[PDB]
>>> print(open('run-v7.cif').read())   # mmCIF, C-alpha atoms and all ligand atoms
data_input
loop_
_atom_site.label_atom_id
_atom_site.label_comp_id
_atom_site.auth_asym_id
_atom_site.auth_seq_id
_atom_site.Cartn_x
_atom_site.Cartn_y
_atom_site.Cartn_z
CA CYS A 1 160.06 241.64 -57.89
CA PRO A 2 158.40 240.60 -54.56
CA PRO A 3 160.25 239.72 -51.31
CA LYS A 4 162.04 236.41 -50.69
CA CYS A 5 161.74 235.64 -54.39
CA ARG A 6 164.50 235.45 -56.97
CA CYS A 7 163.39 236.09 -60.55
CA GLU A 8 165.54 234.79 -63.42
CA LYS A 9 163.28 236.47 -66.00
CA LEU A 10 159.55 237.00 -65.98
CA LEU A 11 159.67 233.63 -64.35
CA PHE A 12 159.43 233.80 -60.54
CA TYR A 13 161.20 231.25 -58.38
CA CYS A 14 159.90 231.34 -54.84
CA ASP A 15 160.77 227.87 -53.59
CA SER A 16 161.57 226.93 -49.99
CA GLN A 17 160.56 230.26 -48.48
CA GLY A 18 158.36 230.53 -45.41
CA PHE A 19 155.28 231.36 -47.44
CA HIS A 20 151.78 230.87 -46.05
CA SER A 21 149.95 232.21 -49.09
CA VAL A 22 150.61 233.56 -52.57
CA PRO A 23 152.58 236.85 -52.45
CA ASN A 24 151.35 240.08 -54.05
CA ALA A 25 153.59 240.74 -57.05
CA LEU A 26 154.41 244.26 -58.22
CA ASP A 27 155.20 242.78 -61.62
CA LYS A 28 151.97 241.25 -62.90
CA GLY A 29 153.05 239.98 -66.29
CA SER A 30 154.97 237.00 -65.00
CA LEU A 31 155.08 233.99 -67.33
CA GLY A 32 155.82 231.41 -64.65
CA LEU A 33 155.55 230.93 -60.92
CA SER A 34 157.16 228.35 -58.63
CA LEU A 35 156.02 228.04 -55.03
CA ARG A 36 157.51 224.67 -54.26
CA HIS A 37 158.12 223.47 -50.71
CA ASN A 38 156.32 226.20 -48.79
CA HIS A 39 153.67 226.16 -46.08
CA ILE A 40 150.62 227.17 -48.15
CA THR A 41 147.46 225.58 -46.78
CA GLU A 42 144.69 227.25 -48.78
CA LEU A 43 144.01 228.63 -52.27
CA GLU A 44 141.67 231.63 -52.39
CA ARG A 45 139.39 232.92 -55.14
CA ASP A 46 141.25 234.71 -57.93
CA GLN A 47 144.42 234.10 -56.02
CA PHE A 48 146.27 234.24 -59.29
CA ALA A 49 144.15 237.06 -60.71
CA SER A 50 147.23 239.27 -60.88
CA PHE A 51 149.16 236.67 -62.89
CA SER A 52 146.89 236.42 -65.96
CA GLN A 53 149.72 235.59 -68.36
CA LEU A 54 151.01 232.65 -66.34
CA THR A 55 151.93 229.71 -68.59
CA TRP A 56 153.16 227.32 -65.91
CA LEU A 57 152.44 227.23 -62.19
CA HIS A 58 154.16 224.96 -59.68
CA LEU A 59 152.50 224.52 -56.32
CA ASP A 60 153.79 221.09 -55.36
CA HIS A 61 154.93 220.21 -51.84
CA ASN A 62 152.54 222.43 -49.94
CA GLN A 63 149.99 221.62 -47.24
CA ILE A 64 147.06 222.83 -49.36
CA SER A 65 143.85 221.39 -47.97
CA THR A 66 141.08 223.63 -49.26
CA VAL A 67 140.67 224.94 -52.76
CA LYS A 68 138.05 227.63 -53.20
CA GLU A 69 135.75 227.92 -56.20
CA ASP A 70 137.43 229.92 -58.99
CA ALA A 71 140.86 229.48 -57.44
CA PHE A 72 142.52 229.43 -60.84
CA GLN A 73 140.17 231.78 -62.65
CA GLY A 74 141.59 234.02 -65.36
CA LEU A 75 144.52 231.75 -66.21
CA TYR A 76 143.65 231.11 -69.83
CA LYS A 77 147.27 230.96 -70.98
CA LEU A 78 148.34 228.42 -68.33
CA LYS A 79 149.49 225.15 -69.85
CA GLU A 80 151.19 223.43 -66.93
CA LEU A 81 149.77 223.20 -63.44
CA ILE A 82 151.41 221.11 -60.71
CA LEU A 83 149.49 220.43 -57.51
CA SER A 84 151.10 217.20 -56.33
CA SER A 85 152.26 216.41 -52.79
CA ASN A 86 149.52 218.32 -50.96
CA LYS A 87 146.50 217.47 -48.82
CA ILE A 88 143.80 218.12 -51.39
CA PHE A 89 140.69 215.99 -50.94
CA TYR A 90 137.91 218.02 -52.59
CA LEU A 91 137.84 220.04 -55.79
CA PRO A 92 134.95 222.24 -56.92
CA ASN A 93 133.40 221.30 -60.25
CA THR A 94 134.33 224.62 -61.83
CA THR A 95 137.90 224.57 -60.71
CA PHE A 96 139.63 223.79 -64.00
CA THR A 97 137.06 224.88 -66.52
CA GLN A 98 138.69 228.21 -67.23
CA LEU A 99 142.10 226.58 -67.81
CA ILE A 100 141.42 226.16 -71.46
CA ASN A 101 144.99 225.78 -72.73
CA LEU A 102 146.22 223.39 -70.06
CA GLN A 103 148.62 220.68 -71.24
CA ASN A 104 150.03 218.96 -68.17
CA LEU A 105 148.06 218.50 -64.95
CA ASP A 106 149.61 216.91 -61.89
CA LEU A 107 147.50 215.95 -58.89
CA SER A 108 149.46 212.96 -57.64
CA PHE A 109 150.08 212.35 -53.94
CA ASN A 110 146.93 213.94 -52.67
CA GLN A 111 144.00 212.73 -50.60
CA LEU A 112 141.41 212.62 -53.38
CA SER A 113 138.63 210.11 -52.82
CA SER A 114 136.30 211.02 -55.68
CA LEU A 115 136.04 213.33 -58.68
CA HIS A 116 133.20 215.48 -59.96
CA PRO A 117 132.11 213.99 -63.33
CA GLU A 118 132.49 217.34 -64.99
CA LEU A 119 135.82 218.17 -63.39
CA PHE A 120 137.86 217.90 -66.55
CA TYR A 121 135.29 219.20 -69.02
CA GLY A 122 136.71 221.41 -71.72
CA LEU A 123 140.35 220.46 -71.32
CA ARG A 124 140.85 219.76 -74.99
CA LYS A 125 144.52 220.57 -75.14
CA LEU A 126 145.43 218.37 -72.14
CA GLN A 127 148.19 215.88 -72.97
CA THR A 128 149.28 214.32 -69.68
CA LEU A 129 147.27 213.77 -66.51
CA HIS A 130 148.84 212.55 -63.28
CA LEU A 131 146.45 211.16 -60.68
CA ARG A 132 148.86 208.66 -59.13
CA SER A 133 148.90 207.88 -55.41
CA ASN A 134 145.41 209.06 -54.45
CA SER A 135 142.61 207.24 -52.69
CA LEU A 136 140.08 207.22 -55.58
CA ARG A 137 137.59 204.36 -55.30
CA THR A 138 135.58 204.94 -58.45
CA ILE A 139 135.91 206.93 -61.62
CA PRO A 140 133.00 208.73 -63.33
CA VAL A 141 131.89 207.45 -66.68
CA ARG A 142 131.84 210.93 -68.13
CA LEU A 143 135.09 212.20 -66.63
CA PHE A 144 137.30 212.02 -69.64
CA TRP A 145 134.71 212.96 -72.23
CA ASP A 146 136.56 216.05 -73.27
CA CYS A 147 140.22 215.08 -73.07
CA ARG A 148 140.28 215.05 -76.82
CA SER A 149 144.07 215.14 -76.97
CA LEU A 150 145.15 213.26 -73.84
CA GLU A 151 147.83 210.66 -74.50
CA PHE A 152 149.15 209.79 -71.02
CA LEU A 153 146.92 208.87 -68.11
CA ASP A 154 148.18 207.76 -64.70
CA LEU A 155 145.69 206.30 -62.22
CA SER A 156 148.09 204.04 -60.38
CA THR A 157 148.32 203.42 -56.65
CA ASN A 158 144.68 204.20 -55.95
CA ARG A 159 141.78 202.17 -54.64
CA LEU A 160 139.86 201.46 -57.83
CA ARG A 161 137.73 198.36 -57.30
CA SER A 162 136.15 198.19 -60.75
CA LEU A 163 136.23 199.57 -64.24
CA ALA A 164 133.08 201.18 -65.55
CA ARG A 165 131.51 198.98 -68.15
CA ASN A 166 130.66 201.39 -70.92
CA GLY A 167 133.07 204.19 -70.20
CA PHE A 168 136.38 205.16 -71.69
CA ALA A 169 134.84 207.75 -73.96
CA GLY A 170 136.87 210.75 -74.96
CA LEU A 171 140.23 209.07 -74.77
CA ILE A 172 140.45 208.30 -78.47
CA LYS A 173 144.03 209.51 -78.68
CA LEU A 174 145.40 208.01 -75.44
CA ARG A 175 148.65 206.09 -75.81
CA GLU A 176 149.72 204.95 -72.35
CA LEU A 177 147.43 203.97 -69.44
CA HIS A 178 148.56 203.24 -65.89
CA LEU A 179 146.22 201.28 -63.69
CA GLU A 180 148.76 199.45 -61.60
CA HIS A 181 148.61 199.03 -57.85
CA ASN A 182 144.86 199.36 -57.53
CA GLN A 183 142.41 196.73 -56.47
CA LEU A 184 140.89 195.35 -59.64
CA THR A 185 139.39 191.85 -59.49
CA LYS A 186 138.48 190.99 -63.05
CA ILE A 187 139.43 192.30 -66.48
CA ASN A 188 137.00 192.38 -69.36
CA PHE A 189 139.07 193.68 -72.23
CA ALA A 190 135.92 194.77 -74.04
CA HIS A 191 135.80 197.58 -71.51
CA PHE A 192 138.78 199.18 -73.18
CA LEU A 193 137.07 199.29 -76.57
CA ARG A 194 137.11 203.06 -76.90
CA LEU A 195 140.84 203.45 -76.39
CA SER A 196 141.83 202.82 -79.98
CA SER A 197 145.21 204.48 -79.90
CA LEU A 198 146.64 202.71 -76.87
CA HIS A 199 150.15 201.25 -77.16
CA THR A 200 150.79 200.38 -73.53
CA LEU A 201 148.57 199.13 -70.71
CA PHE A 202 149.85 198.66 -67.18
CA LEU A 203 147.73 196.47 -64.93
CA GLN A 204 150.33 195.13 -62.57
CA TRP A 205 149.80 194.45 -58.89
CA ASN A 206 146.05 194.35 -58.74
CA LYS A 207 144.00 191.40 -57.54
CA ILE A 208 142.96 190.10 -60.93
CA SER A 209 141.59 186.56 -61.07
CA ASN A 210 139.95 186.50 -64.49
CA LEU A 211 140.86 187.59 -67.98
CA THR A 212 137.80 187.80 -70.22
CA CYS A 213 136.54 189.52 -73.37
CA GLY A 214 132.81 190.04 -73.93
CA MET A 215 132.89 191.77 -77.31
CA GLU A 216 134.72 190.45 -80.32
CA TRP A 217 136.86 193.35 -81.50
CA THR A 218 140.38 194.06 -82.68
CA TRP A 219 142.78 196.17 -80.67
CA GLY A 220 145.40 196.64 -83.38
CA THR A 221 147.49 199.25 -81.60
CA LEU A 222 148.12 197.61 -78.25
CA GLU A 223 151.73 196.52 -78.05
CA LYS A 224 152.54 196.06 -74.36
CA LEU A 225 150.47 194.57 -71.54
CA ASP A 226 151.86 194.38 -68.00
CA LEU A 227 149.86 192.00 -65.83
CA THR A 228 152.65 191.23 -63.40
CA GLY A 229 151.76 190.15 -59.92
CA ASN A 230 148.05 189.53 -60.06
CA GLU A 231 146.14 186.41 -59.11
CA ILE A 232 145.26 185.28 -62.61
CA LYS A 233 144.22 181.67 -62.74
CA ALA A 234 141.86 181.69 -65.69
CA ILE A 235 141.93 183.18 -69.18
CA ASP A 236 139.17 183.19 -71.80
CA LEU A 237 140.32 181.57 -75.00
CA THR A 238 139.89 184.75 -77.04
CA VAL A 239 141.35 187.57 -75.02
CA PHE A 240 144.51 187.62 -77.12
CA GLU A 241 142.77 187.25 -80.48
CA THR A 242 141.94 190.80 -79.58
CA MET A 243 145.58 191.86 -79.56
CA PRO A 244 147.20 190.67 -82.80
CA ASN A 245 150.11 193.08 -82.53
CA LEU A 246 150.89 192.54 -78.87
CA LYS A 247 154.65 192.42 -78.62
CA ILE A 248 155.29 192.48 -74.88
CA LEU A 249 153.26 190.38 -72.44
CA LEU A 250 154.23 190.04 -68.78
CA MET A 251 152.37 187.59 -66.57
CA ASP A 252 154.87 186.84 -63.86
CA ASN A 253 153.92 186.30 -60.28
CA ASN A 254 150.46 185.00 -61.02
CA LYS A 255 148.59 181.82 -60.32
CA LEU A 256 148.55 180.43 -63.83
CA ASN A 257 148.28 176.67 -63.94
CA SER A 258 148.57 176.05 -67.66
CA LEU A 259 147.96 177.70 -71.02
CA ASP A 260 145.63 176.39 -73.71
CA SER A 261 147.00 175.86 -77.20
CA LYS A 262 144.21 178.14 -78.33
CA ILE A 263 145.66 180.96 -76.25
CA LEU A 264 149.25 180.47 -77.32
CA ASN A 265 148.34 180.28 -80.97
CA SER A 266 147.24 183.90 -80.70
CA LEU A 267 150.50 185.01 -79.11
CA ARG A 268 152.70 184.94 -82.18
CA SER A 269 153.73 188.54 -82.43
CA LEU A 270 155.45 188.58 -79.04
CA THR A 271 159.05 189.64 -78.67
CA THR A 272 159.22 189.54 -74.86
CA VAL A 273 157.23 187.33 -72.52
CA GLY A 274 157.18 186.77 -68.79
CA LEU A 275 155.78 183.62 -67.22
CA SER A 276 157.93 183.18 -64.12
CA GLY A 277 156.69 182.92 -60.60
CA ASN A 278 153.51 181.07 -61.50
CA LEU A 279 151.91 177.81 -60.40
CA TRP A 280 152.67 175.68 -63.44
CA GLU A 281 151.58 172.06 -63.43
CA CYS A 282 154.21 170.01 -65.23
CA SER A 283 151.85 167.31 -66.34
CA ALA A 284 150.55 166.39 -69.76
CA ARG A 285 148.66 169.68 -69.77
CA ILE A 286 151.76 171.86 -70.07
CA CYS A 287 152.65 170.51 -73.52
CA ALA A 288 151.10 173.48 -75.28
CA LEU A 289 153.34 175.83 -73.33
CA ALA A 290 156.43 173.65 -73.64
CA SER A 291 155.91 173.50 -77.34
CA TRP A 292 155.41 177.27 -77.47
CA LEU A 293 158.61 177.97 -75.54
CA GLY A 294 160.80 175.95 -77.87
CA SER A 295 159.26 177.60 -80.88
CA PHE A 296 159.71 181.06 -79.36
CA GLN A 297 162.55 183.38 -80.41
CA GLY A 298 162.03 186.30 -78.05
CA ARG A 299 163.03 187.17 -74.49
CA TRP A 300 162.14 185.93 -71.07
CA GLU A 301 164.01 187.48 -68.20
CA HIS A 302 163.44 184.80 -65.56
CA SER A 303 163.40 181.02 -65.67
CA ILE A 304 160.01 179.43 -65.77
CA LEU A 305 159.86 176.69 -63.14
CA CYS A 306 157.44 173.83 -62.50
CA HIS A 307 155.35 173.88 -59.34
CA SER A 308 153.48 170.58 -59.40
CA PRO A 309 153.76 167.68 -58.92
CA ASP A 310 156.17 167.40 -56.03
CA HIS A 311 158.93 165.67 -57.96
CA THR A 312 159.12 168.31 -60.65
CA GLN A 313 159.04 171.23 -58.30
CA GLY A 314 161.79 173.71 -59.04
CA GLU A 315 162.82 172.34 -62.42
CA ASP A 316 162.83 174.11 -65.80
CA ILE A 317 159.67 173.50 -67.74
CA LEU A 318 161.56 172.20 -70.71
CA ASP A 319 164.09 170.27 -68.64
CA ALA A 320 161.22 168.62 -66.85
CA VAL A 321 159.29 167.88 -70.01
CA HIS A 322 162.16 166.12 -71.73
CA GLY A 323 163.40 164.52 -68.54
CA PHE A 324 160.11 162.93 -67.54
CA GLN A 325 158.62 162.12 -70.96
CA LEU A 326 155.55 164.29 -70.41
CA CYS A 327 154.71 165.09 -73.99
CA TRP A 328 154.85 163.59 -77.47
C1 LIG A 401 128.74 222.53 -59.11
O1 LIG A 401 128.52 221.91 -57.82
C2 LIG A 401 127.61 222.62 -56.97
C3 LIG A 401 127.55 221.87 -55.66
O2 LIG A 401 127.90 222.70 -54.55
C4 LIG A 401 126.25 222.72 -57.65
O3 LIG A 401 125.37 223.49 -56.83
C5 LIG A 401 126.39 223.39 -59.01
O4 LIG A 401 125.13 223.38 -59.67
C6 LIG A 401 127.42 222.65 -59.87
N1 LIG A 401 127.60 223.31 -61.15
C7 LIG A 401 127.50 222.67 -62.32
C8 LIG A 401 127.71 223.51 -63.55
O5 LIG A 401 127.26 221.47 -62.39
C1 LIG A 402 136.10 183.96 -63.19
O1 LIG A 402 135.45 183.06 -64.04
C2 LIG A 402 135.41 181.75 -63.46
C3 LIG A 402 134.83 180.83 -64.52
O2 LIG A 402 134.44 181.56 -65.68
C4 LIG A 402 134.61 181.76 -62.16
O3 LIG A 402 134.77 180.50 -61.52
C5 LIG A 402 135.08 182.86 -61.21
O4 LIG A 402 134.13 183.03 -60.16
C6 LIG A 402 135.27 184.19 -61.94
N1 LIG A 402 135.89 185.17 -61.07
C7 LIG A 402 135.22 186.17 -60.49
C8 LIG A 402 136.02 187.09 -59.62
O5 LIG A 402 134.01 186.32 -60.67
#
>>> encode(input="run-v7.cif", output="structure tokens")
Amino acid sequence: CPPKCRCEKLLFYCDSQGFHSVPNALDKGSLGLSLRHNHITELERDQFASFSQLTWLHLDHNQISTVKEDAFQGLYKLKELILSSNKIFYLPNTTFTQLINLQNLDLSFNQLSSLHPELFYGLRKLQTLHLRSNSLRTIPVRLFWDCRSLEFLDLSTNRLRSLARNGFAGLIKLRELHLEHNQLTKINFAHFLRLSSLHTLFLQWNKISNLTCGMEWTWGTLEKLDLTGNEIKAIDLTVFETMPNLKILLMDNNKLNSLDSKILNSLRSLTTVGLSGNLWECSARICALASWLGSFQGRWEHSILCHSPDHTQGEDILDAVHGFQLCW
């Protein structure tokens, strides 16, 4: 066992040492390697050539800025690779292609601005992919073609401006998708057509104005949709016909004015809803919603208050409806 490193087994724990590069190990058959919280700034070719048998490799919390071609070559048995909390901004197209058994890949908290379309090719056994807290602006149509077994994808806290129109291919088994805290403007739910195993979709804290659906299709597996804190003011009358089994819908902190009876008649499988913090107009228009709320038997965590007109401001939707004879 190499200097400054304590080894519990064939696993090597070299965290918090004053390391500036990967150490040469006498023992080459190590199963794991942890180099957390060091001062590594660069990953060389075949740096891990000695550690062929490595199954997990932790390199988080380093100052890594440059990753050479073939940095991870020869690591066929590696199934977890953590590279979060570094200064990575470019990755060569061949950088992961040898990691054929990889299962968890973590690249969050890096300075990535774009990704080579073929970056993740051949990562068939990948299950979770963490790309949170990066500066990505776009995402290649062909990027996820091969993630045949991915079921968790995190693209939150980035700078995504748009969603590619024809491209979620290869994510047929994905269950949970995080797109929160980006900069999306519109949502066309037809764009998610390929994700036919999704249970949960997080879209909170974007800049979404519109909710539309261009294709008529049925998303039977979607059960939770978090749209909290957007700028939604308009919704196409069929976007929820698409989600018959939707059970949790959160639309707090938006700019919703009203909800059509056509919309609400498609939200009958809900068990939890969120409509607080909006711009509701307590006029004759709100009857569809008022009627829906009384009929409802599920949860809402925060009271849903009227915004307009001035003499209804701050009052419960139902209290205002029955108080002021707005409906029926
Ligand atoms: C990888 O990117 C480099 C750009 O430096 C390019 O020359 C090379 O052809 C690419 N390889 C593949 C397989 O696309
Ligand atoms: C959303 O659609 C409405 C009407 O369909 C339109 O007024 C508005 O410009 C659209 N929003 C965007 C961001 O294009």
>>> closest_atom_pairs(input="run-v7.cif", of="chain A", to="ligand LIG 402 (chain A)", cutoff="6 Å", atoms="only C-alpha atoms and all ligand atoms", output="Markdown table")
| residue | atom | partner | partner_atom | distance |
| --- | --- | --- | --- | --- |
| A:185 | CA | A:LIG402 | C8 | 5.8 |
| A:186 | CA | A:LIG402 | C8 | 5.7 |
| A:209 | CA | A:LIG402 | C8 | 5.8 |
| A:210 | CA | A:LIG402 | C1 | 4.8 |
>>> closest_residue(input="run-v7.cif", among="A:322, A:159, A:199, A:79", to="residue A:123", atoms="all atoms listed in the file")
A:79
>>> residues_near_ligand(input="run-v7.cif", ligand="ligand LIG 401 (chain A)", cutoff="10 Å", atoms="only C-alpha atoms and all ligand atoms", output="PyMOL selection string")
chain A and resi 69+91-95+97+116-119
>>> residues_around(input="run-v7.cif", residues="residue A:57", least_positions_apart="6", cutoff="8 Å", atoms="only C-alpha atoms", output="MDAnalysis selection string")
chainID A and resid 32:34 78 80:82
>>> residues_around(input="run-v7.cif", residues="stretch 309-317 of chain A", least_positions_apart="4", cutoff="8 Å", atoms="all atoms listed in the file", output="ChimeraX atom specification")
/A:281-283,290,303-305,321
>>> closest_residue(input="run-v7.cif", among="A:101, A:182, A:21, A:212", to="residue A:74", atoms="only C-alpha atoms")
A:101
>>> atom_distance(input="run-v7.cif", atom1="atom CA of residue A:114", atom2="atom CA of residue A:73")
22.2 Å
>>> closest_residue(input="run-v7.cif", among="A:54, A:43, A:184, A:286", to="residue A:27", atoms="all atoms listed in the file")
A:54
>>> build_atoms(input="run-v7.cif", residues="stretch 238-259 of chain A", atoms="N, CA and C atoms", output="mmCIF file, keeping the file's coordinate frame")
data_model
loop_
_atom_site.group_PDB
_atom_site.id
_atom_site.type_symbol
_atom_site.label_atom_id
_atom_site.label_comp_id
_atom_site.auth_asym_id
_atom_site.auth_seq_id
_atom_site.Cartn_x
_atom_site.Cartn_y
_atom_site.Cartn_z
ATOM 1 N N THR A 238 139.866 183.762 -75.968
ATOM 2 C CA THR A 238 139.890 184.750 -77.040
ATOM 3 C C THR A 238 140.395 186.103 -76.620
ATOM 4 N N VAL A 239 140.992 186.227 -75.445
ATOM 5 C CA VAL A 239 141.350 187.570 -75.020
ATOM 6 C C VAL A 239 142.567 188.074 -75.776
ATOM 7 N N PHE A 240 143.325 187.185 -76.402
ATOM 8 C CA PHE A 240 144.510 187.620 -77.120
ATOM 9 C C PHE A 240 144.302 187.602 -78.634
ATOM 10 N N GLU A 241 143.158 187.104 -79.083
ATOM 11 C CA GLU A 241 142.770 187.250 -80.480
ATOM 12 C C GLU A 241 142.536 188.718 -80.713
ATOM 13 N N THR A 242 142.213 189.382 -79.617
ATOM 14 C CA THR A 242 141.940 190.800 -79.580
ATOM 15 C C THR A 242 143.199 191.620 -79.794
ATOM 16 N N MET A 243 144.356 191.078 -79.457
ATOM 17 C CA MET A 243 145.580 191.860 -79.560
ATOM 18 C C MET A 243 146.604 191.221 -80.480
ATOM 19 N N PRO A 244 146.382 191.330 -81.794
ATOM 20 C CA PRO A 244 147.200 190.670 -82.800
ATOM 21 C C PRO A 244 148.607 191.222 -82.846
ATOM 22 N N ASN A 245 148.788 192.478 -82.476
ATOM 23 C CA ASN A 245 150.110 193.080 -82.530
ATOM 24 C C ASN A 245 150.788 193.231 -81.183
ATOM 25 N N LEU A 246 150.315 192.487 -80.199
ATOM 26 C CA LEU A 246 150.890 192.540 -78.870
ATOM 27 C C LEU A 246 152.303 192.014 -78.931
ATOM 28 N N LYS A 247 153.258 192.802 -78.470
ATOM 29 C CA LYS A 247 154.650 192.420 -78.620
ATOM 30 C C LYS A 247 155.332 192.188 -77.287
ATOM 31 N N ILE A 248 154.784 192.738 -76.217
ATOM 32 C CA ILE A 248 155.290 192.480 -74.880
ATOM 33 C C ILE A 248 154.174 192.065 -73.948
ATOM 34 N N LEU A 249 154.271 190.876 -73.368
ATOM 35 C CA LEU A 249 153.260 190.380 -72.440
ATOM 36 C C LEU A 249 153.917 189.862 -71.180
ATOM 37 N N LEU A 250 153.608 190.452 -70.033
ATOM 38 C CA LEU A 250 154.230 190.040 -68.780
ATOM 39 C C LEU A 250 153.201 189.468 -67.832
ATOM 40 N N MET A 251 153.326 188.197 -67.481
ATOM 41 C CA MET A 251 152.370 187.590 -66.570
ATOM 42 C C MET A 251 153.050 186.848 -65.453
ATOM 43 N N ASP A 252 154.134 187.418 -64.951
ATOM 44 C CA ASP A 252 154.870 186.840 -63.860
ATOM 45 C C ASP A 252 154.100 186.971 -62.587
ATOM 46 N N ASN A 253 154.464 186.170 -61.608
ATOM 47 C CA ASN A 253 153.920 186.300 -60.280
ATOM 48 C C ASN A 253 152.418 186.193 -60.243
ATOM 49 N N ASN A 254 151.880 185.289 -61.046
ATOM 50 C CA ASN A 254 150.460 185.000 -61.020
ATOM 51 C C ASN A 254 150.216 183.590 -60.567
ATOM 52 N N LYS A 255 148.997 183.122 -60.775
ATOM 53 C CA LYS A 255 148.590 181.820 -60.320
ATOM 54 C C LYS A 255 148.180 180.959 -61.490
ATOM 55 N N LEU A 256 148.780 181.227 -62.640
ATOM 56 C CA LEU A 256 148.550 180.430 -63.830
ATOM 57 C C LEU A 256 148.967 178.989 -63.657
ATOM 58 N N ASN A 257 148.105 178.099 -64.105
ATOM 59 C CA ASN A 257 148.280 176.670 -63.940
ATOM 60 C C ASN A 257 148.770 176.018 -65.221
ATOM 61 N N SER A 258 148.327 176.580 -66.334
ATOM 62 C CA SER A 258 148.570 176.050 -67.660
ATOM 63 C C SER A 258 148.167 177.077 -68.688
ATOM 64 N N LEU A 259 148.449 176.826 -69.957
ATOM 65 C CA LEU A 259 147.960 177.700 -71.020
ATOM 66 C C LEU A 259 147.479 176.881 -72.197
#
